[PDB]
Amino acid sequence: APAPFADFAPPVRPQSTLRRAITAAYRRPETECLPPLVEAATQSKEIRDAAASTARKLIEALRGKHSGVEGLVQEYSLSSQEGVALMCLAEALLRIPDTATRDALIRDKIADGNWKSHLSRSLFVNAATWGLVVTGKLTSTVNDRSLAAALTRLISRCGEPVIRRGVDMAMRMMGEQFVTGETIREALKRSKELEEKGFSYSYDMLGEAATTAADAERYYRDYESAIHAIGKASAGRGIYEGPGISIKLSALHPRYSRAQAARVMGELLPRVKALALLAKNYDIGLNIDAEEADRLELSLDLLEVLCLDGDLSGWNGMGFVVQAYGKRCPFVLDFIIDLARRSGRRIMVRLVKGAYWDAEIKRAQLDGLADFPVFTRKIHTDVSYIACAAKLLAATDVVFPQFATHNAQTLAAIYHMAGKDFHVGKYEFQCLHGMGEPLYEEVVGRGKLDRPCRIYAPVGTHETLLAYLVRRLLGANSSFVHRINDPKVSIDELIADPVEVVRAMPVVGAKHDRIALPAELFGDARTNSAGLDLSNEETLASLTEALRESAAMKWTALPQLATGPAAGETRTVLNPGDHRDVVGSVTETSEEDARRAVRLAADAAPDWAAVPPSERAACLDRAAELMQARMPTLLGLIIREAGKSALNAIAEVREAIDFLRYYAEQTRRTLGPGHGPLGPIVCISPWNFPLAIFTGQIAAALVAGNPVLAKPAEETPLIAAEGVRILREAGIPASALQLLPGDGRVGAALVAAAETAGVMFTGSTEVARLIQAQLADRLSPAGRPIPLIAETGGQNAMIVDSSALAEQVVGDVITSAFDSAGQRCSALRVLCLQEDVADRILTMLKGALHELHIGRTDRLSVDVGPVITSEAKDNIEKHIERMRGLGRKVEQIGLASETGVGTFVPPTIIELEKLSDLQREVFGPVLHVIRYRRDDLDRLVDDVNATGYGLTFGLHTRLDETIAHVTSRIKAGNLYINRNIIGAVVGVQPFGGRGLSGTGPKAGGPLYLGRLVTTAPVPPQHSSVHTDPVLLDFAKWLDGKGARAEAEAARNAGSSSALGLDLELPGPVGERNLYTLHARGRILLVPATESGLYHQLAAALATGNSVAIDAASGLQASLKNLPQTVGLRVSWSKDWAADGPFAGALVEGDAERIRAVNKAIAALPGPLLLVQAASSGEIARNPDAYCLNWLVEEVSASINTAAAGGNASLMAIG
Amino acid sequence: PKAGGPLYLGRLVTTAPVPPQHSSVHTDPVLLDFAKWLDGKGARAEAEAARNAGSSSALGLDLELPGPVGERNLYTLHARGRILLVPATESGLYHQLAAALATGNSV
Amino acid sequence: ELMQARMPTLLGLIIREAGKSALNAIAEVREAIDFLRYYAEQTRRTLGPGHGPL
Ligand SMILES: Cc1cc2nc3c(=O)[nH]c(=O)nc-3n(C[C@H](O)[C@H](O)[C@H](O)COP(=O)(O)OP(=O)(O)OC[C@H]3O[C@@H](n4cnc5c(N)ncnc54)[C@H](O)[C@@H]3O)c2cc1C
Ligand SMILES: NC(=O)c1ccc[n+]([C@@H]2O[C@H](COP(=O)([O-])OP(=O)(O)OC[C@H]3O[C@@H](n4cnc5c(N)ncnc54)[C@H](O)[C@@H]3O)[C@@H](O)[C@H]2O)c1
Ligand SMILES: OCc1ccc2c(c1)OCO2
Ligand SMILES: [Mg+2]
């Protein structure tokens, strides 16, 4: 049995002094990075004046010769949308291979009217890209209805001539500007013209981000075939005069990441070596492009091995990009220069600024890391670039610097820095094809600056070029190429010296004012939890030790009653991934001690309620600090107890920290003396989020002033006991927080205990239904139902149309379905693929599935851990075999023999015929796939809704019409657009569903605490200016009937209702996180009196609901002559079980009537109903007898606004 | 249609053009239910006409028009209300219903 | 353009024929100018050979 964490994340090689200096700079504060760069980039006044003169001369030449799309737009008086629509049409017409067939379709069919009839895939799938081309502005999604209107308008106005011009323009742009050629042979033919003028080329076959082994093999053979063509054409010109190739490591392996470093070195490295050997034979350059910041240091391990590999000796063509926007850049250069010296290889070093800026900002914010790995002010990158050029220019004997930039100021500074002594091979400039030639035609050649420039030349088809053209175009307001074309930007502004500008700032290197550090995402409201960077070798080394130390701890969980730990039946807790690994011991609670704990909680209730809310909140904040400091140890326990990977354990601890800080802040915003606690609250939690949900429920109940009986899932008591220990250390008295480990019997004994005043349950729908039945017997001392929050299972779908990017979909599907072995309530269960793309996506999905590593989770390389128990495994496997027995296609990863010591289920894909093939939630790594025809999208949404669940839901589409349709029709609590459907963030995606998935209110949302007090406070931002019109019609009807007081109460309910609340919640860049209040649906009304009925109806209608009124009330004559608008919302029900599902209930009666009704409601099939009851006298006395908070449904929607490939808002941030 | 607005000229020609900015991403949900019902009946051409009407309808357009500072000038497209349908044939009725429902109307 | 250049004369006629004040006569002529230019622009945005007149 291997020791826990003994092989967690060993580095590829021992970290040298130079490598350690790189890692140390990874997220160094920006104020610390800039001063040495300013110093290194400083040049003499004489040079600075000469550089400014050269830059001005270049810029004057550029502006003096400065259109294709612009001239088309001008000639035909096109609006921007017409221009975009025209280019999309042209793109689609160019997918027709035969020119005569295309021209015939244009002349006969397209021009003469209905283009829609002749052209499964929206014409406008790539309209965000064309929008960038036409307008210079990036939109994340496409207003396809606006584009369709614009296309119809422009064709009907201008006819075939405009279509012809659009087609010819798109053909030129896609075949000659965005790429040098469609194929390497075409690109090579077209390169002769500029090679004869002194340019060189580096060809990019556009491979990137392989998703499957087959993808990686295709990109490999593309590179290999290109090397042959380039080498044949180079014909002995060598690496400086002759052409080369550029590759992306991410194209060559589907798991190119630090977590998979062993596979990278074993499988990716030999592929690079084979390509390098071919480049060596032809004596051409082979450049490794730089990608995301978390791949930089890993790529250095490949560069090191290749440069030390004697089989490659004699060839100086190996090249490597370094990104000056990165804080590690100068230290990377020190490492590379030293590697060049040690190996004797003159490494070609391409200095760039960097292509992933927006994405790096978003990623660091999402991951809660200390700082960014890139600068946040554009001028800092410019200074970094010039400083790094000074370092490179001092080492031209051992490296070949390649200065890639389109910025004339940057170019001029380096041209003068390098000096007058020049020979080919000393250094070169580089630029992008179809972008940099105007500038470099003022550089290359004896009549200019007589410096060479290598053109980075994309090569590929329309489909390949469009994939990441958005990133390449960002054209941002800060970009030189955008500014050169802005008439409002002066040449003096363009030749401004970034070195001297930075030097003169009041704080050198200050972070951008408009970019939040990850810790500050929420500003003054609360401190964001911090994560850990699993790509940082220092973090991995320290985590390895802390994780090993955590496995040497004698973790226990005991019944921690107010009076101290209690005795009970004791058993070991075993690692689900390896039963030989004993994690700890749990002493379970007797049912007698559970009842005693509730009595102790009841006795302690006044003392805890008397702790002021601010001080209760301070305990939560202290617990958050303790959990943050203890995170490494907590990770180790979660990893071993709950089958979680390190990434998922980090997220788990972060969520716990966030719950604590969120409920603390919500308390400070709301709770006062009039919001009395319920009393002892029983918190019952699931195994699968064994710290986060556990902590969230308890923290909320405690901070609302209730003592808590905490019953953690029987599978995961140890982390729960540690959470209770931390809360107690933070100041929660033992009498206010009692831990009661044990199985469902302990939960049931707590629920049934006489003094239990509320129940917070997260777990399966079936168990919640048992608790609902238990509580249907029960009333509070005030004769009212015991509040139950029951957050339950999901049958979560993602719909993908033909506009979605398959690689993006597959990544989000693999994560959503199989992260944590599908043991997230939010996990993707049903992927719905539009028929026209289903086969391609399914092929990619199966290929990605087979790249997952399943095993014991104390290794960073493990993607998917075990299922929690053998019973869970048996239940999941029974489902898989049932499906397999029905003839459904089943794809499963093969499991390693090492899984035999634990309980594992391989990630599984099951292709279904109908969504009705599924019965109940299957809580495991089982993704079901359904296909749908586009016209059946609305029926499909019905089918998803028809399961009765309503937890998470995903939609991948670029089309606004589809987003609007699907999000308006889906009925789920957490929606996700163009991203995964998991990892909801507290206070950002308040989490919780409807129907079989939850009663609400949402955890991590603003209505939660109000359920845990007897009188709900007004949550922050909780109001709506909108009044339900059916409520208004009802109020007028009431006045017409003479029910004047009820009409006034109805109007008051109309105003008090927060139906229609529509907020954007603060969060990371590149995402829009929305929170809205909608109607719940159909509310069951059980009235006793006419006035009670009118009050119930007003409450329900004011919150947008329809109603089913108990026909046994005999109150039919009280609703005579309703306006049609109100009648449409009213039904009468003699058989409540026949007229559901309902989404809540309002009950009027005395205590025994309430109890009887509550029992009947609990017996209704389907969802647990949030019931509110009041007596007739309470209705008369209290305008809030029925609280409107619980008659609306919260919906959270998270939209990935970077999905098009860039962040529009951050294009304005420089 | 309103004078000084974008629908006006289209009333004065025998085939109306698509006015500038005249579209909406919203689809009437009753139209959608009608299309599914047509689908189930095998009324394939009518279901297609219904879906097309749902998409081309500009119901829900909600624009701010350029104007002076210190003023917000909004232009929105709502349902007309209740439309009188005088069909002759079943298919004609289905097409009329599609047009009226797609634009948010009752009939 | 002609109405704009002749607005002072048009105002005089509108003031005396229709009982308008000078400010309201200005608004009247401006609105006529705006209709002319608006329908001109809307035409340039929309009308093609298939939009036959009544
Ligand atoms: C031939 C060639 C090869 C390239 N290869 C690669 C590669 O392998 N990997 C890669 O990542 N990039 C690469 N790039 C660069 C990237 O694609 C952009 O072209 C480059 O960063 C633009 O810089 P510029 O000096 O031409 O323009 P500029 O307008 O001078 O600089 C723009 C750059 O500034 C940076 N920036 C913008 N805003 C901010 C901000 N708020 N804070 C900090 N920095 C900011 C970004 O890096 C941005 O690209 C390459 C570029 C060329 C010309
Ligand atoms: N909606 C959400 O936010 C959310 C979050 C996480 C998990 N879940 C759901 O939780 C489930 C997985 O967790 P689980 O396997 O631990 O669920 P579960 O229903 O098996 O157990 C949950 C808890 O209820 C207790 N319990 C069992 N029987 C009981 C009874 N008769 N009376 C009182 N308590 C009883 C258990 O001991 C445990 O503490 C999944 O269905 C998942 O979808 C929902
Ligand atoms: O557009 C220039 C460019 C070249 C190579 C790249 C890149 C951008 O991003 C990462 O690799
Ligand atoms: Mg269970």
# chains A, B, ... in the order shown; residues from 1 in each chain; ligands from 1
call {"tool": "select_by_dssp", "arguments": {"residues": "chain B", "states": "alpha helix (DSSP H)", "output": "count of residues only"}}
result
38
call {"tool": "select_by_dssp", "arguments": {"residues": "region 999-1178 of chain A", "states": "strand (DSSP E or B)", "output": "NGL selection string"}}
result
:A and (1003 or 1013 or 1062-1065 or 1071-1079 or 1082-1086 or 1106-1110 or 1130-1133 or 1144-1148 or 1171-1174)
call {"tool": "residues_around", "arguments": {"residues": "region 7-11 of chain C", "least_positions_apart": "3", "cutoff": "7 Å", "atoms": "only C-alpha atoms", "output": "PyMOL selection string"}}
result
chain C and resi 3-4+14-15+22+25-26+29
call {"tool": "write_last_selection", "arguments": {"atoms": "N, CA, C and O atoms", "output": "PDB file, in the first residue's frame"}}
result
ATOM      1  N   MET C   3     -36.674  74.290 -47.540  1.00  0.00           N
ATOM      2  CA  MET C   3     -37.492  74.696 -46.404  1.00  0.00           C
ATOM      3  C   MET C   3     -36.631  75.290 -45.304  1.00  0.00           C
ATOM      4  O   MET C   3     -37.043  76.235 -44.620  1.00  0.00           O
ATOM      5  N   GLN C   4     -35.442  74.725 -45.087  1.00  0.00           N
ATOM      6  CA  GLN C   4     -34.565  75.268 -44.061  1.00  0.00           C
ATOM      7  C   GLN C   4     -34.151  76.690 -44.411  1.00  0.00           C
ATOM      8  O   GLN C   4     -34.197  77.587 -43.560  1.00  0.00           O
ATOM      9  N   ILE C  14     -47.172  80.700 -41.797  1.00  0.00           N
ATOM     10  CA  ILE C  14     -47.803  79.821 -40.823  1.00  0.00           C
ATOM     11  C   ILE C  14     -48.375  80.626 -39.670  1.00  0.00           C
ATOM     12  O   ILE C  14     -49.473  80.343 -39.169  1.00  0.00           O
ATOM     13  N   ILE C  15     -47.643  81.649 -39.234  1.00  0.00           N
ATOM     14  CA  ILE C  15     -48.115  82.497 -38.148  1.00  0.00           C
ATOM     15  C   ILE C  15     -49.460  83.114 -38.510  1.00  0.00           C
ATOM     16  O   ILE C  15     -50.404  83.123 -37.703  1.00  0.00           O
ATOM     17  N   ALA C  22     -44.582  82.260 -33.193  1.00  0.00           N
ATOM     18  CA  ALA C  22     -43.309  82.076 -33.884  1.00  0.00           C
ATOM     19  C   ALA C  22     -42.619  80.785 -33.463  1.00  0.00           C
ATOM     20  O   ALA C  22     -42.116  80.046 -34.317  1.00  0.00           O
ATOM     21  N   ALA C  25     -44.421  77.947 -35.051  1.00  0.00           N
ATOM     22  CA  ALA C  25     -44.185  77.927 -36.490  1.00  0.00           C
ATOM     23  C   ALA C  25     -42.801  77.382 -36.808  1.00  0.00           C
ATOM     24  O   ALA C  25     -42.629  76.653 -37.791  1.00  0.00           O
ATOM     25  N   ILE C  26     -41.795  77.755 -36.011  1.00  0.00           N
ATOM     26  CA  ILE C  26     -40.465  77.169 -36.166  1.00  0.00           C
ATOM     27  C   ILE C  26     -40.536  75.656 -36.010  1.00  0.00           C
ATOM     28  O   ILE C  26     -39.979  74.903 -36.820  1.00  0.00           O
ATOM     29  N   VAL C  29     -42.050  74.057 -39.171  1.00  0.00           N
ATOM     30  CA  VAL C  29     -41.146  73.940 -40.309  1.00  0.00           C
ATOM     31  C   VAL C  29     -40.051  72.922 -40.027  1.00  0.00           C
ATOM     32  O   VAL C  29     -39.708  72.112 -40.894  1.00  0.00           O
TER      33      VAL C  29
END
call {"tool": "closest_atom_pairs", "arguments": {"of": "chain C", "to": "chain A", "cutoff": "9 Å", "atoms": "only C-alpha atoms", "output": "JSON lines"}}
result
{"residue": "C:44", "atom": "CA", "partner": "A:77", "partner_atom": "CA", "distance": 8.2}
{"residue": "C:45", "atom": "CA", "partner": "A:77", "partner_atom": "CA", "distance": 7.8}
{"residue": "C:46", "atom": "CA", "partner": "A:157", "partner_atom": "CA", "distance": 5.9}
{"residue": "C:47", "atom": "CA", "partner": "A:157", "partner_atom": "CA", "distance": 5.6}
{"residue": "C:48", "atom": "CA", "partner": "A:157", "partner_atom": "CA", "distance": 4.0}
{"residue": "C:49", "atom": "CA", "partner": "A:157", "partner_atom": "CA", "distance": 7.1}
{"residue": "C:50", "atom": "CA", "partner": "A:156", "partner_atom": "CA", "distance": 6.9}
{"residue": "C:51", "atom": "CA", "partner": "A:156", "partner_atom": "CA", "distance": 8.4}
call {"tool": "residues_near_ligand", "arguments": {"ligand": "ligand 2", "cutoff": "6 Å", "atoms": "only C-alpha atoms and all ligand atoms", "output": "number ranges by chain"}}
result
A: 684-688, 711-714, 743-744, 747-748, 762-764, 767, 770-771, 791-794, 825, 992, 997-998
call {"tool": "write_last_selection", "arguments": {"atoms": "C-alpha atoms", "output": "PDB file, in the first residue's frame"}}
result
ATOM      1  CA  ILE A 684     -28.124  17.356   7.905  1.00  0.00           C
ATOM      2  CA  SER A 685     -25.544  17.359   5.147  1.00  0.00           C
ATOM      3  CA  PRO A 686     -24.463  15.117   2.261  1.00  0.00           C
ATOM      4  CA  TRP A 687     -21.161  13.321   1.902  1.00  0.00           C
ATOM      5  CA  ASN A 688     -20.162  14.769  -1.437  1.00  0.00           C
ATOM      6  CA  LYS A 711     -25.362  15.663  11.610  1.00  0.00           C
ATOM      7  CA  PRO A 712     -22.760  15.056   8.873  1.00  0.00           C
ATOM      8  CA  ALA A 713     -23.107  12.275   6.358  1.00  0.00           C
ATOM      9  CA  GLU A 714     -21.980   8.926   7.704  1.00  0.00           C
ATOM     10  CA  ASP A 743     -26.108   7.563   9.810  1.00  0.00           C
ATOM     11  CA  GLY A 744     -29.675   8.482   8.839  1.00  0.00           C
ATOM     12  CA  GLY A 747     -30.566  12.514  11.401  1.00  0.00           C
ATOM     13  CA  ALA A 748     -34.066  11.115  11.852  1.00  0.00           C
ATOM     14  CA  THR A 762     -29.008  18.802   1.703  1.00  0.00           C
ATOM     15  CA  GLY A 763     -29.088  15.317   0.258  1.00  0.00           C
ATOM     16  CA  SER A 764     -31.151  13.038  -1.919  1.00  0.00           C
ATOM     17  CA  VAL A 767     -34.369  11.229   1.983  1.00  0.00           C
ATOM     18  CA  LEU A 770     -38.808  11.078   4.460  1.00  0.00           C
ATOM     19  CA  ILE A 771     -37.892  14.177   6.471  1.00  0.00           C
ATOM     20  CA  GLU A 791     -31.860  21.050  -1.268  1.00  0.00           C
ATOM     21  CA  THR A 792     -31.944  17.878  -3.291  1.00  0.00           C
ATOM     22  CA  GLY A 793     -30.948  16.021  -6.441  1.00  0.00           C
ATOM     23  CA  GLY A 794     -30.680  17.021 -10.059  1.00  0.00           C
ATOM     24  CA  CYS A 825     -25.413  17.530  -7.319  1.00  0.00           C
ATOM     25  CA  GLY A 992     -30.201  25.813  -5.481  1.00  0.00           C
ATOM     26  CA  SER A 997     -34.215  19.678  -6.708  1.00  0.00           C
ATOM     27  CA  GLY A 998     -35.076  22.009  -3.873  1.00  0.00           C
TER      28      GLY A 998
END
call {"tool": "interface_residues", "arguments": {"of": "chain B", "to": "chain A", "cutoff": "7 Å", "atoms": "only C-alpha atoms", "output": "PyMOL selection string"}}
result
chain B and resi 17-18+21-27
call {"tool": "atom_distance", "arguments": {"atom1": "CA of residue 915 (chain A)", "atom2": "CA of residue 943 (chain A)"}}
result
6.6 Å
call {"tool": "interface_residues", "arguments": {"of": "chain B", "to": "chain C", "cutoff": "9 Å", "atoms": "only C-alpha atoms", "output": "VMD selection string"}}
result
chain B and resid 3 to 6 8 to 10 12 to 20
call {"tool": "write_last_selection", "arguments": {"atoms": "N, CA, C and O atoms", "output": "mmCIF file, in the first residue's frame"}}
result
data_model
loop_
_atom_site.group_PDB
_atom_site.id
_atom_site.type_symbol
_atom_site.label_atom_id
_atom_site.label_comp_id
_atom_site.auth_asym_id
_atom_site.auth_seq_id
_atom_site.Cartn_x
_atom_site.Cartn_y
_atom_site.Cartn_z
ATOM 1 N N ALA B 3 -46.131 57.702 -38.016
ATOM 2 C CA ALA B 3 -45.375 58.681 -38.772
ATOM 3 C C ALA B 3 -44.066 58.977 -38.048
ATOM 4 O O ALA B 3 -43.976 58.914 -36.818
ATOM 5 N N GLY B 4 -43.021 59.250 -38.824
ATOM 6 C CA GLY B 4 -41.740 59.549 -38.223
ATOM 7 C C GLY B 4 -41.111 58.358 -37.560
ATOM 8 O O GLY B 4 -40.218 58.517 -36.733
ATOM 9 N N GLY B 5 -41.554 57.161 -37.924
ATOM 10 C CA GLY B 5 -41.012 55.933 -37.406
ATOM 11 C C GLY B 5 -40.647 54.994 -38.542
ATOM 12 O O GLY B 5 -40.988 55.209 -39.710
ATOM 13 N N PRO B 6 -39.985 53.896 -38.193
ATOM 14 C CA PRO B 6 -39.350 53.052 -39.206
ATOM 15 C C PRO B 6 -40.300 52.106 -39.914
ATOM 16 O O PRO B 6 -39.886 51.488 -40.898
ATOM 17 N N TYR B 8 -43.171 53.110 -41.274
ATOM 18 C CA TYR B 8 -44.108 53.919 -42.043
ATOM 19 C C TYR B 8 -43.982 53.656 -43.535
ATOM 20 O O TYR B 8 -44.990 53.429 -44.213
ATOM 21 N N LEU B 9 -42.761 53.730 -44.075
ATOM 22 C CA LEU B 9 -42.624 53.627 -45.525
ATOM 23 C C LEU B 9 -43.089 52.277 -46.027
ATOM 24 O O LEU B 9 -43.609 52.176 -47.141
ATOM 25 N N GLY B 10 -42.946 51.233 -45.217
ATOM 26 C CA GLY B 10 -43.308 49.902 -45.657
ATOM 27 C C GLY B 10 -44.785 49.727 -45.901
ATOM 28 O O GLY B 10 -45.184 48.764 -46.563
ATOM 29 N N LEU B 12 -46.409 51.818 -47.682
ATOM 30 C CA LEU B 12 -46.664 52.552 -48.910
ATOM 31 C C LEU B 12 -46.070 51.842 -50.111
ATOM 32 O O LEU B 12 -45.938 52.446 -51.184
ATOM 33 N N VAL B 13 -45.683 50.582 -49.935
ATOM 34 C CA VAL B 13 -45.190 49.728 -51.003
ATOM 35 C C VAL B 13 -45.934 48.409 -50.890
ATOM 36 O O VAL B 13 -46.547 48.106 -49.867
ATOM 37 N N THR B 14 -45.921 47.636 -51.977
ATOM 38 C CA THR B 14 -46.723 46.421 -51.993
ATOM 39 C C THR B 14 -46.077 45.281 -51.230
ATOM 40 O O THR B 14 -46.777 44.344 -50.833
ATOM 41 N N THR B 15 -44.765 45.337 -51.027
ATOM 42 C CA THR B 15 -44.044 44.384 -50.196
ATOM 43 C C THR B 15 -43.205 45.203 -49.232
ATOM 44 O O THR B 15 -42.347 45.974 -49.665
ATOM 45 N N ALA B 16 -43.455 45.047 -47.934
ATOM 46 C CA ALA B 16 -42.741 45.856 -46.956
ATOM 47 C C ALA B 16 -41.286 45.409 -46.858
ATOM 48 O O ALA B 16 -41.001 44.206 -46.840
ATOM 49 N N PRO B 17 -40.352 46.346 -46.774
ATOM 50 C CA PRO B 17 -38.969 45.991 -46.458
ATOM 51 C C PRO B 17 -38.828 45.703 -44.973
ATOM 52 O O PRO B 17 -39.725 45.926 -44.168
ATOM 53 N N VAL B 18 -37.648 45.215 -44.616
ATOM 54 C CA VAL B 18 -37.266 45.034 -43.221
ATOM 55 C C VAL B 18 -36.699 46.365 -42.740
ATOM 56 O O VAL B 18 -35.661 46.797 -43.251
ATOM 57 N N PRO B 19 -37.356 47.057 -41.825
ATOM 58 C CA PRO B 19 -36.866 48.364 -41.418
ATOM 59 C C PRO B 19 -35.532 48.256 -40.702
ATOM 60 O O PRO B 19 -35.181 47.193 -40.166
ATOM 61 N N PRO B 20 -34.761 49.344 -40.659
ATOM 62 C CA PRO B 20 -33.542 49.349 -39.848
ATOM 63 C C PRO B 20 -33.869 48.982 -38.414
ATOM 64 O O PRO B 20 -34.902 49.392 -37.871
#
call {"tool": "residues_near_ligand", "arguments": {"ligand": "ligand 1", "cutoff": "7 Å", "atoms": "only C-alpha atoms and all ligand atoms", "output": "VMD selection string"}}
result
chain A and resid 288 to 291 321 323 325 352 to 357 374 to 382 404 to 407 410 430 to 432 455 to 456 472 478 to 481 1213 to 1214
call {"tool": "residues_around", "arguments": {"residues": "region 524-534 of chain A", "least_positions_apart": "5", "cutoff": "8 Å", "atoms": "only C-alpha atoms", "output": "MDAnalysis selection string"}}
result
chainID A and resid 258:259 367:370 518:519 539:540 628 647 650:651 654:655 657:658 661:662 665
call {"tool": "write_last_selection", "arguments": {"atoms": "N, CA and C atoms", "output": "CSV table (one decimal), in the first residue's frame"}}
result
chain,number,residue,atom,x,y,z
A,258,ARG,N,0.8,20.8,-16.2
A,258,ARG,CA,1.6,20.4,-15.1
A,258,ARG,C,1.1,19.2,-14.3
A,259,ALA,N,-0.2,19.1,-14.2
A,259,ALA,CA,-0.8,18.0,-13.5
A,259,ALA,C,-0.5,16.7,-14.2
A,367,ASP,N,-9.5,31.5,-9.8
A,367,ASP,CA,-8.7,30.6,-8.9
A,367,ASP,C,-8.4,31.3,-7.6
A,368,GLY,N,-8.7,32.5,-7.3
A,368,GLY,CA,-8.5,33.2,-6.0
A,368,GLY,C,-7.0,33.2,-5.7
A,369,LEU,N,-6.1,33.5,-6.7
A,369,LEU,CA,-4.7,33.5,-6.4
A,369,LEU,C,-4.2,34.8,-6.0
A,370,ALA,N,-2.9,34.8,-5.5
A,370,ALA,CA,-2.4,35.9,-4.8
A,370,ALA,C,-2.3,37.2,-5.7
A,518,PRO,N,-7.6,39.1,-7.1
A,518,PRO,CA,-8.6,38.0,-6.8
A,518,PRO,C,-9.2,38.2,-5.4
A,519,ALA,N,-8.4,38.5,-4.4
A,519,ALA,CA,-8.9,38.7,-3.1
A,519,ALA,C,-9.9,39.8,-2.9
A,539,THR,N,4.5,25.9,-4.4
A,539,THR,CA,3.2,25.5,-3.8
A,539,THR,C,3.1,24.0,-3.8
A,540,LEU,N,3.5,23.4,-4.9
A,540,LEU,CA,3.4,21.9,-4.9
A,540,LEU,C,4.3,21.3,-3.9
A,628,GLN,N,-8.9,29.2,6.1
A,628,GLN,CA,-8.0,29.6,5.1
A,628,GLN,C,-6.6,29.3,5.5
A,647,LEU,N,-7.5,19.8,-6.7
A,647,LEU,CA,-8.3,20.9,-7.2
A,647,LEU,C,-9.7,21.0,-6.6
A,650,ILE,N,-9.5,22.0,-3.0
A,650,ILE,CA,-9.3,23.5,-2.8
A,650,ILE,C,-10.6,24.2,-3.0
A,651,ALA,N,-11.4,23.9,-4.1
A,651,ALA,CA,-12.7,24.5,-4.3
A,651,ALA,C,-13.6,24.3,-3.1
A,654,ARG,N,-12.4,26.5,-0.3
A,654,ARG,CA,-12.8,27.9,-0.6
A,654,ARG,C,-14.3,28.1,-0.4
A,655,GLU,N,-15.1,27.2,-0.9
A,655,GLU,CA,-16.5,27.4,-0.7
A,655,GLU,C,-16.9,27.5,0.7
A,657,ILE,N,-15.1,28.7,3.2
A,657,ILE,CA,-14.6,30.0,3.6
A,657,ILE,C,-15.6,31.1,3.1
A,658,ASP,N,-16.0,30.9,1.8
A,658,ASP,CA,-16.9,31.9,1.2
A,658,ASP,C,-18.3,31.9,1.9
A,661,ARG,N,-17.9,33.8,5.2
A,661,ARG,CA,-17.8,35.2,5.1
A,661,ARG,C,-19.0,35.8,4.5
A,662,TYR,N,-19.7,35.1,3.6
A,662,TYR,CA,-21.0,35.6,3.0
A,662,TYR,C,-22.1,35.7,4.0
A,665,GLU,N,-21.4,38.5,6.3
A,665,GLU,CA,-21.7,39.8,5.8
A,665,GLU,C,-23.2,40.0,5.6
call {"tool": "residues_around", "arguments": {"residues": "region 195-209 of chain A", "least_positions_apart": "2", "cutoff": "7 Å", "atoms": "only C-alpha atoms", "output": "ChimeraX atom specification"}}
result
/A:191-193,211,219,222-223,241-248,250-251,254,444-445,452-460,464
call {"tool": "residues_around", "arguments": {"residues": "region 561-568 of chain A", "least_positions_apart": "4", "cutoff": "8 Å", "atoms": "only C-alpha atoms", "output": "ChimeraX atom specification"}}
result
/A:587-590,593,597,600-601,734-740
call {"tool": "residues_around", "arguments": {"residues": "region 1155-1158 of chain A", "least_positions_apart": "6", "cutoff": "12 Å", "atoms": "only C-alpha atoms", "output": "ChimeraX atom specification"}}
result
/A:772-780,783-787,1084-1088,1110,1112-1113,1136,1144-1149,1164,1168-1175
